[PDB]
Amino acid sequence: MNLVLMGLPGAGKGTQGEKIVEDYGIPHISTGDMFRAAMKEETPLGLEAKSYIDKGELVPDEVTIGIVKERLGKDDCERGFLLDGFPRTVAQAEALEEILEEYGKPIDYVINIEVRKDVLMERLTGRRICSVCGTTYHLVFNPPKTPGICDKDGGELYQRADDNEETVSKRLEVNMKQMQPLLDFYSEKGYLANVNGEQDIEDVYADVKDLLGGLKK
Ligand SMILES: Nc1ncnc2c1ncn2[C@@H]1O[C@H](COP(=O)(O)OP(=O)(O)OP(=O)(O)OP(=O)(O)OP(=O)(O)OC[C@H]2O[C@@H](n3cnc4c(N)ncnc43)[C@H](O)[C@@H]2O)[C@@H](O)[C@H]1O
Ligand SMILES: [Ca+2]
Ligand SMILES: [Ca+2]
Ligand SMILES: [Ca+2]
Ligand SMILES: [Mg+2]
Ligand SMILES: [Zn+2]
């Protein structure tokens, strides 16, 4: 089960991906999560990425494709994987095609979680993340049991630094402008599977499951 999860900032990629990886047993490979782990470790990858991420810009294609090429070479991708937030540009998608050909791990489908731009500020500004495990909540749409604390581990919730309104606007503009060529790319391959992301979390997931049940062993 070799999958890409794509969608605009805030569309619910992490929310759905967490469910997918628990139910279907494939690794969750989020480039945003990778860059943030690098930044927390203060590695050289993290320092290079940080300049772009803090401004809401895309990290350049070449280093992004490099981190993904190396990640997809691990033994845990041999029966399937869930890329989340990559590819984000058509050049990334072209590069991934070639990587996956050499690796013998061709994509089955690209799931596109479709959500109107106008709804995404409110998703991102109300988002609260667990400092311990990185699971996401929303103050209105998906609140924790105990305000300000993760259900799983009692960790303090925070706001991601790029979830401020200015940076969210830049992220939306930047990502909208890259999205259409990417959708065109995958629609021409036939791999693109669109899901309505403006439903209850469990209803988006039910639609995801309708596709993935046809791909499991
Ligand atoms: N390939 C690449 N190339 C170049 N640069 C790259 C790159 N990948 C990363 N980068 C760099 O890294 C940065 C960060 O990338 P990344 O971390 O991937 O950020 P992104 O694509 O902006 O997406 P988010 O993680 O913000 O949102 P999500 O879709 O996962 O939504 P979530 O499930 O949390 O949900 C959002 C909120 O809504 C809530 N929610 C979820 N589902 C629903 C629902 N159905 N209804 C109501 N609320 C919901 C959640 O509880 C949560 O509060 C980029 O800006 C860029 O600089
Ligand atoms: Ca290897
Ligand atoms: Ca329902
Ligand atoms: Ca429905
Ligand atoms: Mg995410
Ligand atoms: Zn937690």
Side-chain angles (χ1 to χ4, degrees), residues 4-19 28-39 46 49-78 83-89 91-93 95-96 103 105 113-115 119-144 149-163 167-168 170-172 174-175 178-179 182 195-205 207-208:
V4 173
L5 247 188
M6 69 181 279
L8 290 176
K13 294 186 294 307
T15 294
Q16 300 293 322
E18 285 178 352
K19 294 172 187 295
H28 190 171
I29 300 170
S30 172
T31 34
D33 287 349
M34 289 184 304
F35 285 130
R36 280 185 311 275
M39 289 169 34
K50 178 166 189 310
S51 274
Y52 296 91
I53 290 178
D54 285 353
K55 295 179 190 183
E57 292 169 354
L58 297 189
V59 168
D61 284 340
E62 198 193 8
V63 67
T64 300
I65 295 166
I67 82 175
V68 170
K69 180 179 188 183
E70 192 67 21
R71 181 60 186 84
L72 282 172
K74 304 288 171 182
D75 284 331
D76 73 351
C77 293
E78 288 172 349
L83 282 162
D84 165 341
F86 177 96
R88 212 164 273 247
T89 70
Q92 290 178 18
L96 180 62
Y103 280 4
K105 296 180 186 145
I113 303 184
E114 303 191 274
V115 176
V119 148
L120 299 167
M121 184 70 70
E122 178 181 31
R123 288 199 188 178
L124 287 180
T125 60
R127 175 162 67 166
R128 290 304 181 269
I129 299 168
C130 175
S131 60
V132 170
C133 80
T135 202
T136 79
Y137 299 88
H138 190 285
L139 293 178
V140 178
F141 302 142
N142 190 20
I149 298 288
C150 183
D151 288 5
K152 298 167 181 191
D153 44 49
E156 289 191 358
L157 297 190
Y158 66 101
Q159 316 163 249
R160 236 171 67 180
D162 58 342
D163 282 344
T167 307
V168 178
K170 176 58 76 197
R171 296 161 51 193
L172 299 172
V174 156
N175 283 262
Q178 295 302 324
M179 200 161 270
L182 186 52
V195 167
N196 172 6
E198 288 181 59
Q199 297 184 85
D200 292 337
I201 290 171
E202 285 317 307
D203 292 331
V204 175
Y205 189 55
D207 289 357
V208 166

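For the single chain, residues carry numbers from 1 onward in sequence order. Basis for what follows: all heavy atoms, side chains included, without hydrogens, waters or symmetry-related copies. Remember, it's 1-based here, ligands and their atoms both numbered in the order they're listed.
Here's the thing with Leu124: none of its N/O atoms is less than 3.5 angstrom from an N/O atom of ligand 1. The distance criterion of under 3.5 Å between nitrogen or oxygen atoms is not met by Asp162 with respect to ligand 1. The shortest N or O to N or O distance between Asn175 and ligand 1 is not below 3.5 Å.
For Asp153, the N/O/S atom at the shortest distance from the Zn ion (ligand 6) is named OD2.
In summary, no N, O or S atom of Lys74 is located under 3.0 Å from the Ca ion (ligand 2).
Under 4.0 angstrom from ligand 1, the non-hydrogen atoms of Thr64 all belong to its side chain. At a 4.0 Å heavy-atom cut-off, ligand 1 touches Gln199 through the backbone alone.
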After noting the C-alpha distance and the side-chain angles of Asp163 and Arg128, does the key distance pass the salt bridge (charged side-chain N to carboxylate O under 4.0 Å, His left out) rule? CA-CA 10 Å; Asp163 282 344; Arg128 290 304 181 269; over 6 Å; no
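Ligand 1 does not have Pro87 within reach: every non-hydrogen atom of the residue lies 4.0 Å or more from it. Heavy-atom distances between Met34 and ligand 1 stay at or above 4.0 Å for every pair.
Within a 4.0 Å radius of atom 52 (C) of ligand 1, the protein contributes at least one heavy atom.
The CD1 atom of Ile29 sits 11.5 Å away from atom CG of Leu5, with the distance rounded to the nearest 0.5 Å.
Nearest residue to atom 24 (P) of ligand 1 from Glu198, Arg127, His138, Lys13 is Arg127 (criterion: closest heavy atom).
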